[PDB]
Structures are given as C-alpha cells and as structure tokens.
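Each chain gets a letter, A, B and so on, in the order its sequence line appears, and its residues count up from 1. Computed from heavy atoms alone, side chains included, the values below leave out hydrogens, waters and symmetry copies.
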Amino acid sequence: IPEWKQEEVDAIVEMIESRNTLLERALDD
Amino acid sequence: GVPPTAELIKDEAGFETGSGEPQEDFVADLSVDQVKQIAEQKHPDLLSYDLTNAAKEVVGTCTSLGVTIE
RNA sequence: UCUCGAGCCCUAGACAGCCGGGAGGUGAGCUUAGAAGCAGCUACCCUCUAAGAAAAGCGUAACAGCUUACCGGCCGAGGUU
C-alpha cells in the first residue's frame, strides 16, 4: 500500500479533473 | 548556440577563475537582476518554460563556485 | 536434497527476462596544452518528467561507444533476505 502510489492516483485524478494501473485506478474514480 | 554559462558569469562577475572550494570561497556576487539577464541569453539552451525556472538552472552553477547573490 | 522458523516485497503486478526510454543547463569548477561520469582536488546543485548520477563498471590519446542505476511496457504468482 505504498504512499507514493496513493499520492500518484490523487495526483492523476487532479489532472484528469481539470503506470497503466494507476491511470485506470484514477479513471475508475 | 549561445555561449556557455561558466563564461557569461565570469563576465558580469568581474573575475576570471573560480574558487578552489565553492560556496566556501565566495569569489564573486550577482544581483538577482544580473541573473535575470543571463537567463535571457540562454532561452534556447534551457528546457524551462517560465523565466523563473530558467534562473534556478543558472542560479545553480553560481553558488557552486563562490558566486553569492543579493 | 528433505524439514522447521523469522524479516521484508507482491495482482495498486512483486523476482527474473525481453522491448522501449535513459534527456537538457553542461564538455560542472579547479588542475592542465587537454581531461568532456569515470588521472587528481572540490563541490555534487535545478529544468523537463513516467524516468534519467556534477555518474556504479568497462572503454578512449582525449571524444566516441557499451552498459548499472533510475522510468514505462510486455508477462502473471509467488519472490527475496
């Protein structure tokens, strides 16, 4: 449950709002 | 293209050689404005977008030679 | 080769392999005729970024070149101490 993987998802979701797995994870939100 | 950093500094610095030990032996100084100009002469050689970052790059070779700022 | 135990990592994809990326300021400053990751001394900073050392090992007269780091993909189940 690495903290950087969590900060990334939130980081991605931040760009979408305005690693493939992380991108998918975000998109799923 | 445009000449390298090391030299552009030694010009507006007024000196020719660096210090045996950087940040420890301050050879020259540079006002922020002075660094604002150098950062303009290297607009092509640098990857930065805003002039702000361009400085950090230039402002990185100075303190590493004894080139304090004011 | 068999058996028992502990720590850590892992389907938010681990370990290994293979493919792709490994970039700019800048060939850092000094020393030196020259030295550009890699003779020596000192420092070892910040941009773009998903990564990418002021360079871990070869290599060169010095470059070049080939790779480690580091990141991404393919893969899919245990792996490692």
| B/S19 side-chain N/O to B/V27 backbone N/O, donor-acceptor pair under 3.5 Å |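 No.
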| Is a donor on one side and an acceptor on the other found under 3.5 Å between the side chain of A/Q6 and the backbone of A/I1? |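 Yes; at least one donor-acceptor contact below 3.5 Å.
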If I take atom [atom1] in residue [X] and atom [atom2] in nucleotide [N], what distance separates them, rounded to the nearest angstrom?
X: A/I16; N: C/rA50; atom1: CD1; atom2: P; result: 13 Å
X: B/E24; N: C/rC30; atom1: CD; atom2: P; result: 15 Å
X: A/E24; N: C/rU11; atom1: CD; atom2: P; result: 14 Å
X: A/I1; N: C/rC10; atom1: CD1; atom2: P; result: 9 Å
X: A/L23; N: C/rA12; atom1: CG; atom2: P; result: 14 Å
X: B/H43; N: C/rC48; atom1: NE2; atom2: P; result: 15 Å
X: A/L22; N: C/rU11; atom1: CG; atom2: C1'; result: 13 Å
X: B/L51; N: C/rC46; atom1: CG; atom2: P; result: 19 Å

| side-chain contact (heavy atoms from CB on, under 4.5 Å) evaluation trace for A/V13 with A/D10 | CA-CA 5 Å; A/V13 177; A/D10 302 308; 5.5 Å; no
| query | If each of A/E8 and B/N53 is mapped to the nucleotide of RNA chain C with the nearest heavy atom, which maps nearer the 5' terminus, i.e. the 5' end? | reply |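 That would be B/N53.
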| field | Of B/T63 and A/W4, the one whose closest RNA chain C nucleotide lies more 5' | value |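 By nearest-heavy-atom nucleotide position, the 5'-most residue is B/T63.
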| query | How does protein contact run along nucleotides 14-29 of chain C, one letter per nucleotide 5' to 3', with B for base contact, S for sugar-phosphate only, - for none, heavy atoms under 4.0 Å? | reply | ----------BBB-SS
Using the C1'-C2'-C3'-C4' torsion, classify the pucker of [N] as north or south, with positive meaning north.
N: C/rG78; result: north
N: C/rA12; result: south
N: C/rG21; result: north
N: C/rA16; result: north
N: C/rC48; result: north

Is it true that [N] and [M] stack, with six-membered ring centres under 5.5 angstrom apart and planes under 30°?
N: C/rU32; M: C/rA33; answer: no
N: C/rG13; M: C/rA14; answer: no
N: C/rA39; M: C/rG40; answer: yes
N: C/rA55; M: C/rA56; answer: no

Going by a 90° cut-off around 0, is [N] syn or anti?
N: C/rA51; answer: syn
N: C/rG24; answer: anti
N: C/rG52; answer: syn

Atom [atom1], compared across [N] and [M]: separation rounded to whole Å:
N: C/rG27; M: C/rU32; atom1: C1'; result: 15 Å
N: C/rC19; M: C/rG37; atom1: P; result: 26 Å
N: C/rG24; M: C/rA53; atom1: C1'; result: 15 Å
N: C/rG65; M: C/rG21; atom1: P; result: 14 Å
N: C/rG17; M: C/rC38; atom1: P; result: 29 Å
N: C/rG57; M: C/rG13; atom1: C1'; result: 31 Å
N: C/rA62; M: C/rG40; atom1: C1'; result: 16 Å
N: C/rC71; M: C/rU11; atom1: P; result: 16 Å

Could you identify the nucleotide paired to [N], looking across every strand shown and requiring Watson-Crick or G-U wobble geometry with both distances under 3.5 Å?
N: C/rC8; result: C/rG79
N: C/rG37; result: none
N: C/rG65; result: C/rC58
N: C/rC74; result: C/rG17

| request: State yes or no: do B/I9 and B/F15 share one hydrophobic cluster built from I, L, V, M, F, W and Y residues joined by side-chain heavy-atom distances below 4.5 Å, directly or via other members? | output: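 In one cluster with B/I9: B/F15, no.
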| message | Test of understanding: clusters of I, L, V, M, F, W, Y form through side-chain heavy atoms closer than 4.5 Å, transitively. Do B/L51 and B/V32 belong to the same one? | response |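 Different clusters.
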| message | Just checking B/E24: does its CD atom have more than 12 heavy atoms from other residues, nucleotides or ligands closer to it than 6.0 angstrom? | response |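 Above 12, so yes.
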| field | A/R19 and A/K5: CA distance, side-chain angles, deciding distance, side-chain contact (heavy atoms from CB on, under 4.5 Å) verdict | value | CA-CA 10 Å; A/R19 296 189 184 179; A/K5 290 188 173 189; 3.7 Å; yes
| Is there a side-chain contact between A/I12 and A/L22, using heavy atoms and a 4.5 Å cut-off? |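 Heavy-atom side-chain distance check passes, below 4.5 Å.
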| query | Taking side chain as C-beta onward, heavy atoms only, is B/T68 less than 4.5 Å from B/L30? | reply |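 The answer is no, as the side chains (C-beta and beyond) never meet within the 4.5 Å cut-off.
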| field | Test log, rule side chain to side chain donor-acceptor pair (under 3.5 Å), inputs B/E57 and B/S48 | value | CA-CA 9 Å; B/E57 304 178 56; B/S48 57; 3.0 Å; yes
| query | Does A/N20 make a side-chain N or O approach to OP1 or OP2 of C/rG72 shorter than 4.0 Å? | reply |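 Answer no for this pair, as no side-chain N or O of A/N20 is under 4.0 Å from OP1 or OP2.
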| field | Trace of the side-chain contact (heavy atoms from CB on, under 4.5 Å) decision for B/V67 with B/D29 | value | CA-CA 5 Å; B/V67 187; B/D29 284 299; over 6 Å; no
| Looking at C/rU26, is it paired to C/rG5 in the Watson-Crick or G-U wobble sense, both distances under 3.5 Å? |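 Paired, no.
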| query | With a 3.5 Å cut-off on both distances, are C/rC41 and C/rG29 a Watson-Crick or G-U wobble pair? | reply |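 Taken together, C/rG29 and C/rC41 make a base pair (Watson-Crick or G-U wobble, both distances under 3.5 Å).
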| query | Contact class for A/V9 (heavy atom, under 4.0 Å): base, sugar-phosphate, or nothing? | reply |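 Base contact.
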